[PDB]
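Following: one structure in structure tokens, then a few remarks.
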Amino acid sequence: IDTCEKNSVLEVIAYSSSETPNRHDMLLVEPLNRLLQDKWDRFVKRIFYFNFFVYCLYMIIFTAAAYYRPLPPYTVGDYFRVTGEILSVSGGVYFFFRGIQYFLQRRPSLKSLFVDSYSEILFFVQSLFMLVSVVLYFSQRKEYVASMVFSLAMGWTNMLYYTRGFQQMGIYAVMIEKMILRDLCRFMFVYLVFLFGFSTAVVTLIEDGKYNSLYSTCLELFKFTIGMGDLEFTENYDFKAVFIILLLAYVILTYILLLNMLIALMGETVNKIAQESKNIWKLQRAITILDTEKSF
Amino acid sequence: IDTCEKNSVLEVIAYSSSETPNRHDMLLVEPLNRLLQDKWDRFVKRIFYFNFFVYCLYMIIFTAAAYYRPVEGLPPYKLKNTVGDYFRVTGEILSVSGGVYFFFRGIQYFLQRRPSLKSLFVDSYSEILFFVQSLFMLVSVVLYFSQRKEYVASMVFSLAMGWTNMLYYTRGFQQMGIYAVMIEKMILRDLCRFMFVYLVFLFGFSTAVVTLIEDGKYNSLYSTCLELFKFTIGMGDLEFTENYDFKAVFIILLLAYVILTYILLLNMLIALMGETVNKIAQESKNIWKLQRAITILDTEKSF
Amino acid sequence: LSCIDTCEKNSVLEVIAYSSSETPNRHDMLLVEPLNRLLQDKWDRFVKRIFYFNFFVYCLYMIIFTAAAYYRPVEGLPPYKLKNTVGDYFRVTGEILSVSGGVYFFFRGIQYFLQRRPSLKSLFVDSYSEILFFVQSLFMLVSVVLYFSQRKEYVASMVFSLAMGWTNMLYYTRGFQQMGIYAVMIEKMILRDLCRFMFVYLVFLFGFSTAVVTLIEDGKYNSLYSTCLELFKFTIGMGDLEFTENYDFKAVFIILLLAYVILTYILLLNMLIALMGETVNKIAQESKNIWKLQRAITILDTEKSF
Amino acid sequence: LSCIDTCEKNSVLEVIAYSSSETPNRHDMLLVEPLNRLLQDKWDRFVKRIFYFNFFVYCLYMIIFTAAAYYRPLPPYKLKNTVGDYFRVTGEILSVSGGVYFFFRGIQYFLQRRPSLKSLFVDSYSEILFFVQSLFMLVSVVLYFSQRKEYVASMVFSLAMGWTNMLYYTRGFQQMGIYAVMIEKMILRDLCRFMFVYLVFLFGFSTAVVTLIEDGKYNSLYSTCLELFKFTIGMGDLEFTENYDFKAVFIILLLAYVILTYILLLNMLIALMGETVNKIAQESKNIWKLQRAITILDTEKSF
Ligand SMILES: CCCCCCCCCCCCCC(=O)OC[C@@H](O)COP(=O)(O)O
Ligand code: NA
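Residue numbers (the entry's author numbering), protein chains in the order written: chain B, 387 to 456, 460 to 463, 468 to 603, 627 to 712; chain C, 387 to 603, 627 to 712; chain D, 384 to 603, 627 to 712; chain A, 384 to 456, 460 to 603, 627 to 712.
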């Protein structure tokens, strides 16, 4: 069941592809749940806490190094800074190698890489950004800072991966995943269509000014969504009536309707997916247990 | 059942009048739903994808009116003998042809259906909106030839209305189709009710505030109404004017307005839309199924 | 129908429509078949148009009053002369009509109070519209009193009356099931959720504003009113977080502002939204029944008006 | 009621009310018929009146304290010969007296109950909050006499804490009591989870941005953190600086932060609050009843 050395039920269920109809519900059987919970507390609950603390420390060291950066390449302060930079690069390459090892070991069907285990892809992409930032730094360029800030943001965001192992916060993270995947996606598609259409209309209306550029008008229109719109950002054009009509149409369509609809849909989805989000967290904790077990 | 060429069950159900009690729920019968799904997957899916692809492409031939629109004034304009002006003119011709085609499609629908003149404005909003877009394009053309400067506004309206109309092509996918159906229900019911009440409240408080002040740039009704509306979008000032008297009265009026609209009616709208979401799931799925059925039957009749 | 419609002593429909709020389940009384069918019949026969006629005349009155108010002269030291012009004639006759309407509303309110004879304990949840209209009428009358007393406070009173008149159009939402239900939802929410949230939020606002103004030393924002307004301005999504800099202990100022923001904007407003959602999910049936009872009260009052 | 209300050694009321949180069903106990009839009898009999008097005197004390602190003049300060200065001094003396009184009441509670060092941070939030308010007041007094300006900061902290703590007296009013209990539950669960996630995201993106920014006003971590936080209150700027080498990266980072936090996390917080409110009605009523029982027992035991 758990230690077969030929084929284990735990390995089959946990490492199953998304195709399996009930890869979550079948971990709730009495013996499996009892064994998983007992193992976690026994010798995987404090192995995970140590990993989480080490990652936190690594990220602190990475932030300190990057935040204090001086045509690269470029006292006690400098020795500490270079040591931190080297340690951060050494962590990035470690994550890259772990991701490649996971890619080879699991060898996905070239379909579940895009639908399953988003954590592995995110971590590998963070490592890839860090390595690109290193090569640019050693290749006489300044885009090494853009790559590094991208990697830093992604790494800080990735700390949610460790929210698993704490029940309530694990459920919260699973809910975040579901919401982003379904509701934010639908809303963003519709809202981007609306925003682009109205921004193009307004740009066509505008005759001459600083806001002829499609980017400028799109930014100004998006400014409404964040409660910072202007509604008078420009007055260099004819037919003010048409401009105000278009602006009011956009406001009513996007701010007064789509965002409130997003709130309502989020409420409904949260009301719907409590038990599924509990089962998904349980399975995410089972995969963590088995990965920790196999890492030796 | 499906095609007797005289009066088939699917044809009558799909073209049902609004007065029919449960026009939406008829398709749920197993043979009918299984027959629509099979026919779609068999030959209508690719046709619909092609139509959406060519439609969005056709609209995009004119969404670059920014780069197109000259600024010389008093059209018509001249031809520059450059590749750029060749692209501009061919795009304009392609945008006018599209408008004429959509106008005639609407006319062909209107005549063939021969509506009883009541369900026209109650159901089938998509084709009315497409016809309005065609009308706005034709008006742009006629104004353009007539040496007038209102063609820019007329094409801008058409452009915006077409970009929003892509929401029609949103159908054909269960998730986004049902999302569009929910948007339709919400904008018809909750937005209309809230808009009526909020517009009454805003007009009242705007007239009160305008009467309060004495003179300045905000003396007009329109300007003060705009300032009061700016509270709703999260940009309210609370001190937009100084040339007045009775600061107590002005402040208390602004507070009453804010508390009554921003902190009450918007949250009421959120709650009502939430309960509507909770209530119109299966209804919104059935309506999407009926929309797909109408599209399939129209494609069949398109030969 | 004998002993149901009208007896000159007591009829069940009149009793139900005018029943005191203290009755346990006065709302469900209308649910029985004969009452529902008969009220629908009377409305569709006569009161449907009569109510629309009471919503057409009132709208005309309010438009006339607003037109008179907006075009008012600004010269000071009232009253003012009646110059020879069509505009002056029209505005003065509009003023006369508006004052007459105010007097009419004043008299109707007095008559209702004298006939119903309320206990002065049920004039908040009951006869809400009556109190609103009477207060509007009172504001108009005091406006006139100031006007002919040679005081400029008539402008303030008249603008208050105008605001109440325009916002009282919701009374006429009855006669349309969806609009009437929405209006009664507004009234219930105002009665419960707005009043609870406002009390808590006001306590928080006053506390933090007093703390901040105590911290400040001198300047424009040294007063309690200006600081209270600045703190309130966060709630409408236009906070500053840096509105003042003439003080000491920037850390304390930042801590207080962040604490206030987290406690109010992030917690209490989203809590109000959640409670409103729950209530709305809970108040459909009673909101329908209350609308039906309000409908019946309108029917009975129109019938008794003869 | 023999050995239920008064026993001098142990009774059902004093055992249930003062039961540790380790007790499984501590809340549901008071719903038993005779207990519910006895608590409501004692309350109506006298505890309502004593509680109302205590609330009124506390409100008077807080008004005095606010007035004294508002008109504050290297302390200490002398006594100017004027009525205003005498009233200020007597008011601040009264405020200090109230502070020491609350301090000693908190000490008495600690000595009496003798909690197990774990219920302190999970039970009795009100008493610890009152004690912290008193501690701030005493620290303010000692600093004031020690010739420092830090007394102003201490006293403003105490004043704000007291004003927000005034909610303690909302109990004894059913609706406001349930409201306060629900506020307590929301702060413990939803605000905590959201704050954890939001702080993680905010620090990550703020660090990224401040790393991108070359130099200027916002080259410090605190300033950039403040600017990013401003987006949460509907006051983000999106153009607050231009001192960077890559505009595309800056705009992408800001858009990602906005989408992740403002659009997503805030709306999700609203939804989670709605779910919780739907979930915790009966549990919020039971907790209010238990709070009302504790208050009744305390008032009885105070004499
Ligand atoms: C000194 C007064 C300060 C307040 C500013 C004056 C104007 C405030 C607007 C009036 C407040 C009530 C608005 C409201 O929300 O109720 C709407 C009414 O239709 C109630 O409906 P109905 O008459 O009972 O049918
Ligand atoms: Na704002």
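Every residue gets a Cβ at the ideal spot worked out from N, C-alpha and C, and that includes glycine.
Determine, for residue i, whether the minimum Cβ-Cβ distance to residues of chain C falls below 7 angstroms.
| i | result |
| --- | --- |
| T597/D | no |
| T550/D | yes |
| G683/D | yes |
| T449/D | yes |
| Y444/D | no |
| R557/B | no |
| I479/D | no |
Exposed or buried, which one is residue i when buried takes at least 16 other CB atoms within 10 Å?
| i | result |
| --- | --- |
| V583/A | buried |
| residue 359/C | Any property of residue 359/C remains undetermined from this structure, which presents chain C solely from 387 to 712. |
| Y666/C | buried |
| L545/B | buried |
| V415/D | exposed |
| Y555/C | buried |
| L673/A | buried |
| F522/B | buried |
| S520/D | buried |
| residue 340/B | Chain B is shown only over 387 to 712; residue 340/B falls outside these bounds and no answer can be derived. |
| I446/D | exposed |
Would you say residue i reaches chain B, if we count a Cβ-Cβ gap shorter than 7 angstroms as a contact?
| i | result |
| --- | --- |
| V518/A | no |
| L637/A | no |
| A539/A | no |
| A400/C | no |
| residue 362/C | Outside the displayed span of chain C (387 to 712) sits residue 362/C, for which this structure offers no information. |
| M412/A | no |
| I642/C | yes |
Quick check on residue i: does DSSP put it in helix, strand or coil?
| i | result |
| --- | --- |
| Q533/A | coil |
| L460/C | coil |
| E648/C | coil |
| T406/A | coil |
| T685/A | helix |
| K466/D | coil |
| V542/D | helix |
| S505/A | coil |
| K425/A | helix |
| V415/D | coil |
Is residue i close to chain D? Criterion is C-beta to C-beta, closer than 7 angstroms.
| i | result |
| --- | --- |
| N419/A | no |
| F436/C | no |
| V667/C | yes |
| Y453/A | yes |
| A680/C | yes |
| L588/A | no |
| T670/C | no |
| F429/C | no |
Between residue i and chain A, is any beta-carbon pair separated by less than 7 angstroms?
| i | result |
| --- | --- |
| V542/B | yes |
| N408/D | no |
Could you please tell me which residues of the stretch 644 to 657 of chain B, in chain order, have their CB closer than 8 angstroms to any CB of chain C? Those would be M644, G645, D646, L647, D654, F655, in chain order.
Residues with C-beta closer than 7 angstroms to any heavy atom of ligand 2, in chain order: In chain order, the hits are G643/B, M644/B, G643/C, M644/C, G643/D, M644/D, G643/A, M644/A.
Please identify, using Cβ separations under 7 angstroms, the residues of the stretch 692 to 705 of chain C that lie next to chain D, in order along the chain. Within the stretch 692 to 705 of chain C, no residue places its CB atom closer than 7 angstroms to a CB of chain D.
If the cut-off is 9 angstroms on Cβ atoms, which residues from the stretch 560 to 575 of chain D count as contacting chain C, listed in chain order? Residues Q561, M562, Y565, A566, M568, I569, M572, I573.
Between the stretch 486 to 510 of chain D and chain A, which residues of the former have a C-beta closer than 8 angstroms to a C-beta of the latter? Listed in sequence order: no entries.
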